[PDB]
Structures are given as C-alpha cells and as structure tokens.
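A.B. asks: Pasting a structure below so you can have a look.
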Amino acid sequence: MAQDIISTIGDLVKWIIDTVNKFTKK
C-alpha cells in the first residue's frame, strides 16, 4: 500500500511531471 502509492506517485512525478517540465523548463 504506502510503498506502492509512493512508487506510483514517483512514477507519475518521473513520467507525467518531468514531461510537463520538458514543456515547462523556462
């Protein structure tokens, strides 16, 4: 549960939030 939610949110940080910053470098 908590390690699977930390792993899932670190995967969204790595894929979705770093891709939102590949656009939003600025």
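Naming scheme: A, B, ... for chains in displayed order of the structure tokens; residues 1 onward per chain; ligands 1 onward as shown.
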Give me, as JSON, numbers by chain, the residues of chain A that a backbone DSSP run labels alpha helix (DSSP H).

C.D. replies: {"A": [2, 3, 4, 5, 6, 7, 8, 9, 10, 11, 12, 18, 19, 20, 21, 22, 23]}

A.B. asks: For a test of reading the model, state the distance in Å between atom CA of residue A:22 and atom CA of residue A:2, rounded to one decimal.

C.D. replies: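 Between these atoms lies a distance of 28.2 Å.
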